[PDB]
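Structure record follows, encoded as structure tokens.
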Amino acid sequence: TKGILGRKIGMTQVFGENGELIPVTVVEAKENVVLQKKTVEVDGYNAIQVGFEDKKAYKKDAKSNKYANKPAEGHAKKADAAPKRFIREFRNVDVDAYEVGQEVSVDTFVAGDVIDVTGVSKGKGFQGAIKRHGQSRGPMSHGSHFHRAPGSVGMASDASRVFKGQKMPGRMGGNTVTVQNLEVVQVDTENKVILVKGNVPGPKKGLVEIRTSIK
Amino acid sequence: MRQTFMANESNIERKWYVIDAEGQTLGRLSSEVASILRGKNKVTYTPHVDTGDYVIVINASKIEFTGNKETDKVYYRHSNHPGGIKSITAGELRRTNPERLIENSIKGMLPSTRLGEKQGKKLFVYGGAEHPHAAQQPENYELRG
Amino acid sequence: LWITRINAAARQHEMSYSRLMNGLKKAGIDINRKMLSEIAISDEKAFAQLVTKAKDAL
Amino acid sequence: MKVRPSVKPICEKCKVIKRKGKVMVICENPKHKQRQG
Amino acid sequence: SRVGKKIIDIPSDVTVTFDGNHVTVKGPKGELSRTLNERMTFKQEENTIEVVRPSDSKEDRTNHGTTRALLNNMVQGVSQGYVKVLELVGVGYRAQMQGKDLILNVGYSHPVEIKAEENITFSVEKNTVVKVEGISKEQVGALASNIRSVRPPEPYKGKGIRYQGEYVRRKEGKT
RNA sequence: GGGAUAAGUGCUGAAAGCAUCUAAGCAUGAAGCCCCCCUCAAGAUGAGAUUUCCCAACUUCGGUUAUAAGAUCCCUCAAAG
RNA sequence: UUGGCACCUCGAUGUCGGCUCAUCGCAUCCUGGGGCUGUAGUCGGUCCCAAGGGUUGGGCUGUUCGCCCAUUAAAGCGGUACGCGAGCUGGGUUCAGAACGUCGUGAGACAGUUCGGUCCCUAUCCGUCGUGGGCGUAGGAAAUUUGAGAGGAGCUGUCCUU
RNA sequence: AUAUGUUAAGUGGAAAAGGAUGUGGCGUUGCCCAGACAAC
Ligand SMILES: [Mg+2]
Ligand SMILES: [Mg+2]
Ligand SMILES: [Mg+2]
Ligand SMILES: [Mg+2]
Ligand SMILES: [Mg+2]
Ligand SMILES: [Mg+2]
Ligand SMILES: [Mg+2]
Ligand SMILES: [Mg+2]
Ligand SMILES: [Mg+2]
Ligand SMILES: [Mg+2]
Ligand SMILES: [Mg+2]
Ligand SMILES: [Mg+2]
Ligand SMILES: [Mg+2]
Ligand SMILES: [Mg+2]
Ligand SMILES: [Mg+2]
Ligand SMILES: [Mg+2]
Ligand SMILES: [Mg+2]
Ligand SMILES: [Mg+2]
């Protein structure tokens, strides 16, 4: 249960009870609406889908993404709503709540809940073997000509090939990753933020998916 | 090179049969079916075109084995990764995805050519007595045992 | 190729290939495999008639 | 349990049986348990 | 089959009902059933069941001995029932009832609860002696073996759950 | 955490009037097997599913023309490269 | 392993140890589950199932190997051109110099010591790591998805109660 | 395909000394319904 969407803002700290200091990531989770209810009869699995951040309406000569287009307009009208930027699905929730067109408010979480956060990583570009994997580097003196290369890549002539999954260089990059068993420490209703204890993947103004813990 | 009939397109007729698989052993069913799909019961058989016709197998969860080869007779598989050998037993495939049990036995009895791949797509296998293909009007076919 | 077609045409009359050309020899017929394959494609009614002359010669 | 390629009776109370393709002996004291292999 | 040829099998007020393969048996404390065997032929002279083997093979010889054995257990347990008795040996080993279930205390750091099942009654004599009563012989044999496996007997002193007539081989290991 | 198993422990039980964990039957049992957790994944040529948007004449329809929804060229950029 | 044979390689299959990077087997070092014990307990011995993961830092030697100091749950045995030099060192050794001992009439030698002594190559194909264009998927587009299959992860101690 | 039989181990479709109430066939010879051969 209890899914919501938001974007990263930054990172601060909060003094807990009895003077304990805890690092805090602040997530703004604003104007989330329920946009389509999916059914095991029509689709084969029960889920809801949620749109996060609204954008401007249809225009004739749009040249970018901040104006919705005609397929997105009709989809976001069948539920009476404004067109959104991010749309995800949550299939952990109970589908018998959540009438279509509701606003999932930020205070569906209470301080003390354990949650899981999902986002995409930062992204580093083309990176070598000792950065991308945790490899040891060669000696830096005593005549060596081997500093940051990878080592050997196989055997001799039995297996006259390189096996796959060999950890060569390439794009380090940002891919999806979840962190588990975090906590909600303080929920602000007026500013519509959530404070979570720890740190979440992604750059600033990213996109995070918060849902309750599976364990 | 006097005179010998050679089949052709605009020349051949394909029809639809239905086999039921209950009470039949796996290999002795499969050897019969693979000669239907190649067309070796037509009098106009020619080796370089696709004569032969469509087969539907409908029960496929009541296939029998003899001996102890439902706990033995494992099926292996490799993923082209180091140490990626994987396996499943024959009794396991019967209770879970039994359609792939039969169609792997039959496609192993077909040649590995370009035509042999195209002939193997004329097989349709279902667990339990229903099939969608009532529009094509198939017939019953009893196995010449 | 000729034998494969004769074997298909004989099994529509409940005969093997083997017992067809056994009994066809004892009847005294000396027709080819090539000619016997063409009769079964062209004239099915004539092919069924020499099946019976092979079948009662056994 | 003594596993050895040569299973035999030791005293006069031990007896020879088969369980699932394997030759065993069963006796009253537990020092005589043998299975062939 | 000298035990299969002894196919008298004298009934009682228990009622025997054949149904082909599976056979239902009902009496004072009845309602038993078992899918027996396909080959074996069943007959009742007046009320006594009798079992005749056909074909005299090796497989027909053995199953003729077991099929008579299973029928005699199905009718005699409805008639009288089966009771297996076992005892506790050791200081502070207390067992007691929790209504339907059974609670043991055998020297662990926590008590052990045996959840009851159908057709079986537990009873405790003097916090040491536990009785298991029932109608089908394989069922009471299974549960009586399950609960002695909590703490089996011990060679050096003899402590643990023991059958009421079980002999225990004892060693004498002194410091 | 669930299911099936290994060595092993058993229940009932004949062949062989006994006994017997087995032959027919019923249980239990490892961090190992399959699920459970994370990630990629319909070029899965078997190419899947749901929601929404759009619909033309000439014509020798041989193809031509202009086009819809939607994209791109081009320019200002970075949370990405 | 030391060897026997002399079948490919003499119009070159070009190097011992160490470094970097791994992968497989199990005749199992630790952890897991059991039997027997001449197993009171705590500890142990021996056998069976089991290859998921894990399996140390230094001193002396070119050293493999080995000894020792301290730790650890443990400090396993082997295969892969005695794994890997178109990925690295170059201490060792089959090079030219020189010296000791010994042998030799002598030029020289030992296989016995010691000091010193040049490691080339812009990756075509297969292969691997990452990233794009084209077409197809019986109308064309935008967006959200199922998951056949595949990959990863899989360790362990000490203390307190009972 | 005909007819007769053996095998239950996927033996077939890679090996020995030894061990064994695994199952078929052929012989010689003991105790037999006076009651053996088991269990009581
Ligand atoms: Mg280093
Ligand atoms: Mg011995
Ligand atoms: Mg900025
Ligand atoms: Mg050699
Ligand atoms: Mg030579
Ligand atoms: Mg020679
Ligand atoms: Mg050359
Ligand atoms: Mg082993
Ligand atoms: Mg020093
Ligand atoms: Mg080497
Ligand atoms: Mg090399
Ligand atoms: Mg010199
Ligand atoms: Mg001299
Ligand atoms: Mg110098
Ligand atoms: Mg120097
Ligand atoms: Mg030197
Ligand atoms: Mg074999
Ligand atoms: Mg052998």
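When you go through A:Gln186, A:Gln166 one by one, which is the residue that is more than 21 Å from A:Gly51 (Cα to Cα), surrounded by 13 or more Cβ atoms within 10 Å (Cβ to Cβ), over 14 Å from the mean Cα position of the chain (by Cα) and of a type outside the set (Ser, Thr, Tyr)?
A:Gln186
Conditions: (1) without any contact (Cβ under 8 Å) to a residue 60 or more places away in the chain; (2) within 26 Å of A:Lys192 (Cα to Cα); (3) among the hydrophobic types (A, V, I, L, M, F, W, C). A:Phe52 meets all but one. Number of the miss?
(1)
Across region A:141-196, which residue is nearest to A:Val14 (Cα to Cα) among those that are touching a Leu at 6+ places or on another chain (Cβ under 8 Å) and not aliphatic (A, V, I, L, M)?
So, considering only residues that are touching a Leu at 6+ places or on another chain (Cβ under 8 Å) and not aliphatic (A, V, I, L, M), the one nearest to A:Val14 (Cα to Cα) is A:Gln186.
Checking A:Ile48 against (1) within 24 Å of A:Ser213 (Cα to Cα); (2) not in a strand (DSSP E or B): exactly one of these is not met. Which one?
(2)
How many residues are buried (at least 16 other Cβ atoms within 10 Å of the Cβ) and more than 7 Å from chain B (Cβ to nearest Cβ) when one looks only at region C:1-10?
Qualifying residue count, region C:1-10: 3.
Could you please give the count of residues in region C:11-30 that are among the basic types (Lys, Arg) and either touching a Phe, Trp or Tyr at 6+ places or on another chain (Cβ under 8 Å) or free of Cβ contacts under 8 Å to residues at least 12 places away in the same chain (or both)?
Of the residues in that region, 2 qualify.
Counting just the residues of region A:2-50 that are of a type in the set (A, V, I, L, M) and farther than 25 Å from A:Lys77 by Cα, which one comes out surrounded by the fewest Cβ atoms within 10 Å (Cβ to Cβ)?
Residue satisfying both the conditions and the ranking: A:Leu21.
In the list B:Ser30, B:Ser79, B:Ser35, which residue meets the criterion of being free of Cβ contacts under 8 Å to residues at least 12 places away in the same chain and within 16 Å of RNA strand F (Cβ to nearest atom)?
Going through B:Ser30, B:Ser79, B:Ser35 in turn, the sole match is B:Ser79.
Does at least one position in region E:44-57 carry a residue that is closer than 23 Å to E:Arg2 by Cβ, in contact with a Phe, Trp or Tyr (Cβ under 7 Å, 6 or more places away or on another chain) and not in a loop (DSSP other than H, G, I, E, B)?
yes
If we scan region A:143-165, do we find a residue that is within 14 Å of RNA strand G (Cβ to nearest atom) and among the β-branched types (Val, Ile, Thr)?
yes
Scanning region D:16-26 for residues that are more than 6 Å from RNA strand H (Cβ to nearest atom) and surrounded by 11 or more Cβ atoms within 10 Å (Cβ to Cβ), which turns out farthest from D:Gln36 (Cα to Cα)?
By that ranking, first place goes to D:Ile26.
Conditions first: (1) surrounded by 12 or more Cβ atoms within 10 Å (Cβ to Cβ); (2) touching a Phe, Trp or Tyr at 6+ places or on another chain (Cβ under 9 Å); (3) charged (D, E, K, R). A:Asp54 passes all but one, so which condition is the exception?
(2)
Limited to region C:16-43, what total is found for residues that are more than 10 Å from chain B (Cβ to nearest Cβ) and closer than 18 Å to B:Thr44 by Cα?
Adding up the residues that qualify gives 7.
Yes or no: region A:106-118 includes at least one residue that is β-branched (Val, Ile, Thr), out of contact with any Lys or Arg (no Cβ under 9 Å at 6 or more places or on another chain) and within 11 Å of RNA strand F (Cβ to nearest atom).
no
Residues A:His142, A:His133: which one is within 16 Å of ligand 1 (Cβ to nearest atom) and either closer than 25 Å to A:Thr176 by Cα or of a type in the set (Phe, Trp, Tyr) (or both)?
Testing whether each residue is within 16 Å of ligand 1 (Cβ to nearest atom) and either closer than 25 Å to A:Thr176 by Cα or of a type in the set (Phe, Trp, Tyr) (or both) leaves just A:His133.
Considering only residues that are part of a strand (DSSP E or B) and farther than 29 Å from E:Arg170 by Cβ, look in region D:4-37 and name the one that is nearest to the other protein chains (Cβ to nearest Cβ).
D:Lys18
A quick yes/no check of all residues on (1) within 18 Å of B:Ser30 (Cα to Cα); (2) touching a residue at least 12 places away in the same chain (Cβ under 8 Å); (3) touching a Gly at 6+ places or on another chain (Cβ under 9 Å); (4) not aliphatic (A, V, I, L, M):
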{"residue": "B:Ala60", "(1), (2), (3), (4)": "yes, yes, yes, no"}
{"residue": "B:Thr66", "(1), (2), (3), (4)": "yes, yes, no, yes"}
{"residue": "B:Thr71", "(1), (2), (3), (4)": "no, yes, yes, yes"}
{"residue": "B:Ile85", "(1), (2), (3), (4)": "no, no, no, no"}
{"residue": "B:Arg114", "(1), (2), (3), (4)": "no, no, no, yes"}
{"residue": "B:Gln119", "(1), (2), (3), (4)": "yes, yes, yes, yes"}
{"residue": "B:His131", "(1), (2), (3), (4)": "no, yes, no, yes"}
{"residue": "B:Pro138", "(1), (2), (3), (4)": "no, yes, no, yes"}
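Please specify each residue of region B:2-23 satisfying the condition of being touching a strand residue (DSSP E or B) at 6+ places or on another chain (Cβ under 8 Å) and either exposed (fewer than 15 other Cβ atoms within 10 Å of the Cβ) or farther than 19 Å from B:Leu123 by Cβ (or both).
If the condition is that a residue be touching a strand residue (DSSP E or B) at 6+ places or on another chain (Cβ under 8 Å) and either exposed (fewer than 15 other Cβ atoms within 10 Å of the Cβ) or farther than 19 Å from B:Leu123 by Cβ (or both), then B:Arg14, B:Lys15, B:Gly23 are the ones that fit.
List the strands (runs of 3 or more DSSP E) inside region E:79-126, counting only whole elements, that have at least 1 residues being in contact (Cβ under 8 Å) with a residue 40 or more places away in the chain.
E:82-89, E:101-105
Is region A:25-32 home to any residue that is farther than 20 Å from A:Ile87 by Cα and either in contact (Cβ under 8 Å) with a residue 60 or more places away in the chain or assigned to a loop (DSSP other than H, G, I, E, B) (or both)?
The answer is yes, given that some residue of region A:25-32 is farther than 20 Å from A:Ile87 by Cα and either in contact (Cβ under 8 Å) with a residue 60 or more places away in the chain or assigned to a loop (DSSP other than H, G, I, E, B) (or both).
May I ask you to list pairs of residues, at least six apart or on different chains, whose Cβ atoms are under 7 Å apart, with the first in region E:1-28 being within 14 Å of chain B (Cβ to nearest Cβ) and the second being within 16 Å of ligand 2 (Cβ to nearest atom) and assigned to a loop (DSSP other than H, G, I, E, B)?
From residues that are within 14 Å of chain B (Cβ to nearest Cβ), there are no pairs.
Since every read-out is calculated from the coordinates, none of them should be taken as a lab result. Because the Cβ atoms are built from the backbone with ideal geometry, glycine has one as well, and the counts that use them run over all protein chains shown.
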